[PDB]
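The file structure13.txt comes next; it holds compact mmCIF, C-alpha atoms.
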```txt
# COMPACT_ATOMS: atom_id res chain seq x y z
CA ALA E 354 11.57 -7.62 22.34
CA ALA E 355 12.84 -6.50 18.92
CA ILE E 356 14.19 -9.75 17.45
CA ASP E 357 11.66 -9.45 14.60
CA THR E 358 12.95 -5.97 13.67
CA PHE E 359 16.66 -6.51 12.94
CA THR E 360 16.15 -10.03 11.60
CA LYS E 361 18.56 -9.24 8.73
CA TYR E 362 20.73 -6.31 9.84
CA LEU E 363 24.18 -7.89 10.17
CA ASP E 364 23.89 -10.59 7.50
CA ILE E 365 27.63 -11.36 7.58
CA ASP E 366 28.21 -12.94 11.01
CA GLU E 367 25.27 -13.14 13.42
CA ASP E 368 27.60 -13.87 16.37
CA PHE E 369 29.06 -10.37 16.65
CA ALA E 370 27.74 -8.59 19.77
CA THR E 371 24.59 -7.57 21.63
CA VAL E 372 22.26 -4.80 20.49
CA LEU E 373 22.59 -1.49 22.33
CA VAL E 374 19.33 -0.81 24.16
CA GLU E 375 20.43 2.79 24.80
CA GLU E 376 19.71 3.58 21.14
CA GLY E 377 16.91 1.06 20.64
CA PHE E 378 16.83 0.90 16.82
CA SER E 379 13.04 0.72 17.27
CA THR E 380 11.79 3.66 15.20
CA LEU E 381 12.74 2.69 11.60
CA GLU E 382 12.52 6.39 10.61
CA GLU E 383 14.76 8.46 12.89
CA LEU E 384 17.72 6.14 12.16
CA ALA E 385 17.92 7.60 8.63
CA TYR E 386 20.15 10.52 9.68
CA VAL E 387 22.20 10.60 12.90
CA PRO E 388 25.40 12.55 13.68
CA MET E 389 28.48 10.33 13.49
CA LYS E 390 29.73 11.46 16.92
CA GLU E 391 27.91 8.72 18.88
CA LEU E 392 27.46 5.87 16.36
CA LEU E 393 31.08 4.67 16.34
CA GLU E 394 31.50 3.38 19.91
CA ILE E 395 30.56 -0.16 18.87
CA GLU E 396 33.41 -2.16 17.35
CA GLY E 397 33.54 -3.55 13.83
CA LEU E 398 32.29 -0.79 11.52
CA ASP E 399 33.97 -0.91 8.10
CA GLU E 400 33.08 0.17 4.57
CA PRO E 401 31.12 -3.00 3.61
CA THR E 402 29.08 -2.76 6.82
CA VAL E 403 28.10 0.85 6.09
CA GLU E 404 27.30 -0.10 2.50
CA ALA E 405 25.05 -2.93 3.74
CA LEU E 406 23.37 -0.52 6.16
CA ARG E 407 22.68 1.79 3.21
CA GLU E 408 21.25 -1.13 1.22
CA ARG E 409 19.00 -1.98 4.17
CA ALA E 410 17.91 1.66 4.50
CA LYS E 411 16.95 1.74 0.81
CA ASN E 412 15.10 -1.55 1.29
CA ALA E 413 13.23 -0.11 4.29
CA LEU E 414 12.32 2.91 2.16
CA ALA E 415 10.93 0.56 -0.48
CA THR E 416 8.99 -1.42 2.14
CA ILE E 417 7.42 1.66 3.72
CA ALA E 418 6.53 2.94 0.24
CA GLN E 419 4.80 -0.35 -0.55
CA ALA E 420 3.04 -0.24 2.83
CA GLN E 421 1.77 3.28 2.11
CA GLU E 422 0.61 2.14 -1.34
CA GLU E 423 -1.30 -0.76 0.22
CA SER E 424 -2.79 1.47 2.93
CA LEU E 425 -3.96 4.07 0.39
CA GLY E 426 -4.93 1.52 -2.26
CA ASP E 427 -8.26 0.77 -0.58
CA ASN E 428 -9.91 0.08 -3.95
CA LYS E 429 -9.42 -3.59 -4.93
CA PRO E 430 -10.46 -3.45 -8.62
CA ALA E 431 -11.40 -7.04 -9.36
CA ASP E 432 -12.22 -8.74 -12.66
CA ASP E 433 -15.89 -8.29 -11.75
CA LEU E 434 -15.45 -4.49 -11.90
CA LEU E 435 -13.40 -4.03 -15.09
CA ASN E 436 -15.85 -6.19 -17.09
CA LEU E 437 -18.78 -3.76 -17.09
CA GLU E 438 -18.73 -1.88 -20.39
CA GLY E 439 -17.76 1.79 -20.43
CA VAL E 440 -15.70 1.36 -17.24
CA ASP E 441 -11.99 1.79 -17.96
CA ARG E 442 -9.32 1.76 -15.25
CA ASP E 443 -9.99 5.34 -14.11
CA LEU E 444 -13.76 4.87 -13.80
CA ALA E 445 -13.25 1.59 -11.93
CA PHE E 446 -10.84 3.29 -9.52
CA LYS E 447 -13.45 5.99 -8.94
CA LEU E 448 -16.17 3.41 -8.25
CA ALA E 449 -13.92 1.51 -5.84
CA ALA E 450 -12.96 4.73 -4.04
CA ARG E 451 -16.65 5.62 -3.68
CA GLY E 452 -17.02 2.61 -1.37
CA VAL E 453 -18.28 -0.23 -3.57
CA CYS E 454 -16.37 -3.40 -4.42
CA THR E 455 -18.92 -5.99 -5.63
CA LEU E 456 -21.91 -6.30 -7.97
CA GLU E 457 -24.83 -7.09 -5.64
CA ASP E 458 -24.74 -3.50 -4.33
CA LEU E 459 -24.38 -1.45 -7.54
CA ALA E 460 -28.10 -1.65 -8.42
CA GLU E 461 -29.32 -0.69 -4.92
CA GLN E 462 -28.80 3.10 -5.13
CA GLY E 463 -30.89 5.39 -7.30
CA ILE E 464 -29.67 8.02 -9.74
CA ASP E 465 -29.57 10.50 -6.84
CA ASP E 466 -26.46 8.64 -5.59
CA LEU E 467 -24.70 8.56 -8.99
CA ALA E 468 -23.46 12.16 -8.74
CA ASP E 469 -20.00 13.51 -7.77
CA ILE E 470 -18.43 11.36 -10.52
CA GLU E 471 -15.83 13.00 -12.76
CA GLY E 472 -16.25 12.51 -16.50
CA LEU E 473 -19.79 11.11 -16.24
CA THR E 474 -23.05 13.05 -16.56
CA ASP E 475 -26.43 12.14 -15.06
CA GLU E 476 -28.11 10.78 -18.20
CA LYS E 477 -25.13 8.52 -18.90
CA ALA E 478 -25.09 7.55 -15.21
CA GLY E 479 -28.72 6.46 -15.54
CA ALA E 480 -27.90 4.61 -18.76
CA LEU E 481 -25.07 2.67 -17.11
CA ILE E 482 -27.08 1.91 -13.97
CA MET E 483 -30.09 0.60 -15.90
CA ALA E 484 -27.73 -1.50 -18.04
CA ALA E 485 -26.30 -2.91 -14.80
CA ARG E 486 -29.77 -3.56 -13.36
CA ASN E 487 -30.72 -5.38 -16.58
CA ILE E 488 -27.60 -7.56 -16.44
CA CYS E 489 -27.93 -8.31 -12.71
CA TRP E 490 -31.50 -7.84 -11.45
CA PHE E 491 -33.64 -8.58 -14.52
CA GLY E 492 -31.32 -11.35 -15.73
CA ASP E 493 -32.11 -13.64 -12.77
CA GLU E 494 -28.67 -15.22 -13.14
CA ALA E 495 -26.41 -16.69 -10.46
```
Can you dump the structure from the file as structure tokens?
Amino acid sequence: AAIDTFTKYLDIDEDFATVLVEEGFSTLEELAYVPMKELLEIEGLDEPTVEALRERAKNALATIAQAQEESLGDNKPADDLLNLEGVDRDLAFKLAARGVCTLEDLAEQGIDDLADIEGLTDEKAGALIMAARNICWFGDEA
């Protein structure tokens, strides 16, 4: 059951032949480099077909790169995070990598938890956290 894998592999004429189960084509990584001594038994392999295979390999590279970016990008910097003053892109990325993503949890950890931050001392950490607690907790806004 690999119909969802090679959905667009031979985009010229779908009615060509049946897929060889002996190879499988079900790794998406090992098929990058293979000796040409066994991959010519199937008929109908010309220059445009190899060029299209190279296009598809580059596309698969791009897709796996985007997948790795999405898997590592466990930050989700929303508009609610970049709006707090003194928090540029780098600081917001740091906050999101710490493990926070919303506002109702920022003012629930004391200054003892505001360490390990790069480019931010403890007095400024306290300043920013009491600013946040004034905007959120003392403001009584919804």
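Near residue 370 in chain E, within a cut-off of 9 Å and counting all atoms listed in the file, sit the residues residues 367, 395 and 396 of chain E, with same-chain residues fewer than 3 positions away left out.
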May I have the selected residues written with C-alpha atoms, as a CSV table (one decimal), in the frame of the given file?
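Okay, again_5.csv is ready:
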```
chain,number,residue,atom,x,y,z
E,367,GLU,CA,25.3,-13.1,13.4
E,395,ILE,CA,30.6,-0.2,18.9
E,396,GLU,CA,33.4,-2.2,17.4
```
For residue 362 in chain E, which of E:427, E:461, E:383, E:404 is the closest residue, counting only C-alpha atoms? E:404
Mind checking which residues fall within 10 Å of range 359-361 of chain E, counting all atoms listed in the file, ignoring those fewer than 6 positions away in the same chain, and posting them as a PyMOL selection string? chain E and resi 367+372+378-379+409
Ranking E:468, E:489, E:435, E:425 by minimum distance to residue 454 in chain E and counting all atoms listed in the file, which one comes first? E:435
Using all atoms listed in the file, which residues sit within 8 Å of residue 434 in chain E once same-chain residues fewer than 5 positions away are excluded, as a PDB file with C-alpha atoms, in the frame of the given file?
```pdb
ATOM      1  CA  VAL E 440     -15.700   1.360 -17.240  1.00  0.00           C
ATOM      2  CA  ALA E 445     -13.250   1.590 -11.930  1.00  0.00           C
ATOM      3  CA  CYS E 454     -16.370  -3.400  -4.420  1.00  0.00           C
ATOM      4  CA  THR E 455     -18.920  -5.990  -5.630  1.00  0.00           C
ATOM      5  CA  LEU E 456     -21.910  -6.300  -7.970  1.00  0.00           C
TER       6      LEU E 456
END
```
Can you work out the spacing between CA of residue 436 in chain E and CA of residue 423 in chain E in Å, to one decimal?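 We find that CA of residue 436 in chain E and CA of residue 423 in chain E lie 23.3 Å from each other.
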Can you list every residue of range 442-467 of chain E that has an atom at most 12 Å from range 429-432 of chain E, with its nearest atom pair and the distance in Å to one decimal, using only C-alpha atoms, ordered by chain then number, as JSON lines?
```
{"residue": "E:442", "atom": "CA", "partner": "E:430", "partner_atom": "CA", "distance": 8.5}
{"residue": "E:443", "atom": "CA", "partner": "E:430", "partner_atom": "CA", "distance": 10.4}
{"residue": "E:444", "atom": "CA", "partner": "E:430", "partner_atom": "CA", "distance": 10.3}
{"residue": "E:445", "atom": "CA", "partner": "E:430", "partner_atom": "CA", "distance": 6.6}
{"residue": "E:446", "atom": "CA", "partner": "E:430", "partner_atom": "CA", "distance": 6.8}
{"residue": "E:447", "atom": "CA", "partner": "E:430", "partner_atom": "CA", "distance": 9.9}
{"residue": "E:448", "atom": "CA", "partner": "E:430", "partner_atom": "CA", "distance": 8.9}
{"residue": "E:449", "atom": "CA", "partner": "E:430", "partner_atom": "CA", "distance": 6.7}
{"residue": "E:450", "atom": "CA", "partner": "E:429", "partner_atom": "CA", "distance": 9.1}
{"residue": "E:451", "atom": "CA", "partner": "E:429", "partner_atom": "CA", "distance": 11.8}
{"residue": "E:452", "atom": "CA", "partner": "E:429", "partner_atom": "CA", "distance": 10.4}
{"residue": "E:453", "atom": "CA", "partner": "E:429", "partner_atom": "CA", "distance": 9.6}
{"residue": "E:454", "atom": "CA", "partner": "E:429", "partner_atom": "CA", "distance": 7.0}
{"residue": "E:455", "atom": "CA", "partner": "E:431", "partner_atom": "CA", "distance": 8.5}
{"residue": "E:456", "atom": "CA", "partner": "E:431", "partner_atom": "CA", "distance": 10.6}
```
As an exercise, work out the distance from CA of residue 371 in chain E to CA of residue 398 in chain E in Å and give it to one decimal place.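 Value for the CA of residue 371 in chain E-CA of residue 398 in chain E distance: 14.4 Å.
Nearest to residue 407 in chain E of all the residues E:473, E:480, E:385, E:356 is E:385, counting all atoms listed in the file.
Here CA of residue 485 in chain E and CA of residue 467 in chain E stand 13.0 Å from one another.
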Select, from E:382, E:457, E:366, E:375, the residue with the minimum atom-to-atom distance to residue 411 in chain E, counting only C-alpha atoms. E:382
Could you tell me which of E:365, E:386, E:438, E:477 comes closest to residue 410 in chain E if we count only C-alpha atoms?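 Of E:365, E:386, E:438, E:477, the one nearest residue 410 in chain E is E:386, counting only C-alpha atoms.
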Closest of E:420, E:437, E:484, E:403 to residue 460 in chain E - atom-to-atom distances counting all atoms listed in the file: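 Smallest distance to residue 460 in chain E is found for E:484.
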Exercise: residue 376 in chain E partners within 10 Å, all atoms listed in the file, chain neighbours under 4 positions left out, as a PyMOL selection string: chain E and resi 372+380+384+391-392
Calculate, to one decimal in Å, the centre and edge lengths of the box along x, y and z of the file that holds all listed atoms of range 428-433 of chain E with 3 Å of margin on each side, and present them as AutoDock Vina command-line options.
```
--center_x -12.7 --center_y -4.3 --center_z -8.3 --size_x 12.5 --size_y 14.8 --size_z 14.7
```
